Amino acid sequence: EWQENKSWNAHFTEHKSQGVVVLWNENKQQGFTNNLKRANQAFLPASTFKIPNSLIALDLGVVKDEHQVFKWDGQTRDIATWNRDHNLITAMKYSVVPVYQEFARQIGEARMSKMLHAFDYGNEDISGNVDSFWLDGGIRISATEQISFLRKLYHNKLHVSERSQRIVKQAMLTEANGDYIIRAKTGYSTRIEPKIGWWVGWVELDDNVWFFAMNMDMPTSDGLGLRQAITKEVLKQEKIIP
Amino acid sequence: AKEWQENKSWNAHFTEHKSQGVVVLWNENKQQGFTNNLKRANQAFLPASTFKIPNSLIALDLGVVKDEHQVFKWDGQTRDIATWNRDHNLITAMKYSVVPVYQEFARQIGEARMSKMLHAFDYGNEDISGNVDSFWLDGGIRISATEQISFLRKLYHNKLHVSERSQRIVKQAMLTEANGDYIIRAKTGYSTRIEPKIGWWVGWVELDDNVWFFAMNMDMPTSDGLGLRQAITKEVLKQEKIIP
Ligand SMILES: *C(=O)[C@H]([C@@H](C)O)[C@@]1(C)CC(S[C@@H]2CN[C@H](C(=O)N(C)C)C2)=C(C(=O)O)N1
Ligand SMILES: *C(=O)[C@H]([C@@H](C)O)[C@@]1(C)CC(S[C@@H]2CN[C@H](C(=O)N(C)C)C2)=C(C(=O)O)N1
Ligand SMILES: [Ca+2]
Ligand SMILES: [Ca+2]
Ligand SMILES: [Ca+2]
Ligand SMILES: [Cl-]
Ligand SMILES: [Cl-]
Ligand SMILES: [Cl-]
Ligand SMILES: [Cl-]
């Protein structure tokens with residue numbers, strides 16, 4: 001089931017922040033969180049939507065593989081790393097929104113909506129623009145719903161090819177050492193209140209997998225490093241990582 | 001194929017450790033190879049635990065291993081490497097270089113299929129004489145550092161004569177290091193059954209814009225030098241400004 005561990009609230013209070021961390025122990029089929037209410041509060045997915053968007057693009061062939069080059073559309077944008085050609089690995093790594101907006105236009109409203117329903121992804125509502133509904137549209141997902149979706153991706157149980165799922169999990173790679181592997185996606189939702197930061201993903205250990213999903217209030221960008229810092233504080237306190 | 005370039009300054013990283021060996025690098029974008037010692041780059045040695053890469057591929061392609069989560073039970077024999085004395089899947093069997101698990105793979109693959117597959121791969125000298133479950137440790141198979149590069153390049157591009165899926169799974173199992181600067185997929189080795197005892201590190205470094213393949217081996221008279229397999233490779237990578 002689900003266990004509230006309110007002592008984790010200290011890690012947010014430490015950094016004068018408010019948010020939720022949700023953890024799922026796959027071996028034990030048990031979840032933990034500092035706040036059940038906020039763990040089930042649905043927010044815009046923002047850049048964490050790159051995970052389902054990648055899967056759908058790959059399954060439909062919009063993206064042939066992780067080497068396909070997606071040319072810069074020639075608009076100079078604020079984040080310099082966006083103003084260059086990308087493939088799926090680097091578009092994930094640098095969270096290149098324009099590449100993913102083009103995927104969404106090519107997928108189209110009908111197929112996007114059908115696939116999100118097949119994924120059971122959040123509230124499955126794509127109202128808004130086809131190329132920005134995960135930024136300022138009707139889609140909403142909670143931290144606990146992020147976990148449920150990621151669990152299916154980990155086990156290749158989403159209704160897309162196994163190959164699509166393997167490629168997206170490769171593209172999610174964030175950190176690997178001799179103690180753990182993290183596959184994850186950050187997000188920062190700014191277009192609609194409340195502005196929040198996301199980090200969702202999982203930690204692979206030798207003999208278990210810990211899924212995680214956190215979001216936190218993010219009134220300015222100065223706090224963005226707290227997404228990973230606070231999550232790792234919780235993982236460390238729980239002896240999940242050294 | 002462009003002629004290989006010999007960077008003798010890399011020998012300083014061997015001599016500063018009183019060591020002898022070869023590092024081979026391949027810049028994929030430029031299709032250009034570099035080494036400190038062209039002769040040794042082309043000298044063939046037992047692959048030892050680096051054979052886990054083709055062994056994994058063949059076992060997956062033939063269904064000996066269903067996927068990277070299938071559990072191979074400990075046979076209960078206590079061996080000297082403690083991490084071997086437990087159940088394993090493909091990921092942890094690669095990470096801890098669990099020989100007994102891979103010996104069972106090879107026996108199940110069998111002599112005929114393993115010979116066919118290694119010829120299809122053009123793996124080293126494609127000679128599997130000896131015991132079916134130890135020929136890469138004390139039998140007839142030999143591979144050079146440049147031959148490791150050639151094989152690894154095919155794996156990177158999913159060009160080996162096995163399923164794309166088997167190649168993707170093995171590249172996942174080869175994951176060693178990843179940070180915001182680079183990804184390393186690689187396999188270490190330490191050949192101890194027949195002289196010369198040598199250490200191996202073969203794999204590649206994934207950058208944003210390029211891939212650098214590498215294969216190194218070096219004389220290993222004692223286990224005290226084992227850390228130089230990674231350390232010498234990384235300081236060559238750093239010298240060439242490939243990694244920070
Ligand atoms: C995704 O959630 C968000 C899109 C919708 O704008 C995105 C791409 C913004 C960045 S935050 C901003 C861009 N680069 C810097 C950064 O990411 N960091 C970590 C300092 C600042 C993110 C994000 O998740 O951080 N995603
Ligand atoms: C493979 O090359 C070798 C087999 C044939 O014995 C093996 C398993 C020995 C080890 S070195 C030694 C045992 N484990 C420690 C280690 O250095 N690593 C990194 C696993 C010390 C290796 C090896 O991969 O280094 N392979
Ligand atoms: Ca549903
Ligand atoms: Ca898997
Ligand atoms: Ca040195
Ligand atoms: Cl996005
Ligand atoms: Cl399920
Ligand atoms: Cl082995
Ligand atoms: Cl990976």
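Quick note on labels: first sequence line is chain A, next is B, and so on, each numbered from 1.
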Residue [X] versus chain B: region with a heavy atom under 4.5 Å:
{"X": "A:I182", "value": "neither"}
{"X": "A:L173", "value": "side chain"}
{"X": "A:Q170", "value": "side chain"}

request  = Determine, for B:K95 against A:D206, whether the closest basic-nitrogen to carboxylate-oxygen distance falls under 4.0 angstrom.
outcome  =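 Yes, charged N to carboxylate O under 4.0 Å.
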
Around [X], counting heavy atoms of other residues, nucleotides and ligands shown, do more than 12 lie under 6.0 Å from its [atom1]?
{"X": "B:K66", "atom1": "NZ", "answer": "yes"}
{"X": "B:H157", "atom1": "NE2", "answer": "yes"}
{"X": "B:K2", "atom1": "NZ", "answer": "yes"}

Structural part of B:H88 lying under 4.5 Å from a heavy atom of chain A =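 Contact with chain A is absent: no heavy atom of B:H88 under 4.5 Å.
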
query = Using non-hydrogen atoms only, which part of B:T176 is less than 4.5 Å away from chain A: side chain, backbone, both, or neither?
reply =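 Just the backbone, heavy atoms under 4.5 Å.
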
CG-CG distance between A:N156 and B:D67, expressed to the nearest 0.5 angstrom =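 That separation rounds to 8.5 Å.
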
ask   = In Å, rounded to the nearest 0.5 Å, how long is the span from CG of A:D207 to CG of B:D87?
value =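 Answer for the CG-CG pair, A:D207 versus B:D87, is 9.0 Å.
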
ask   = Are side-chain heavy atoms of B:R168 and A:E162 found at a separation under 4.5 Å?
value =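 No; the side chains remain at least 4.5 Å from each other.
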
task = Tell me, out of A:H67, A:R163, A:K169, who's got the most heavy-atom pairs with chain B below 4.5 Å.
result =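 The option with the most such pairs is A:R163.
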
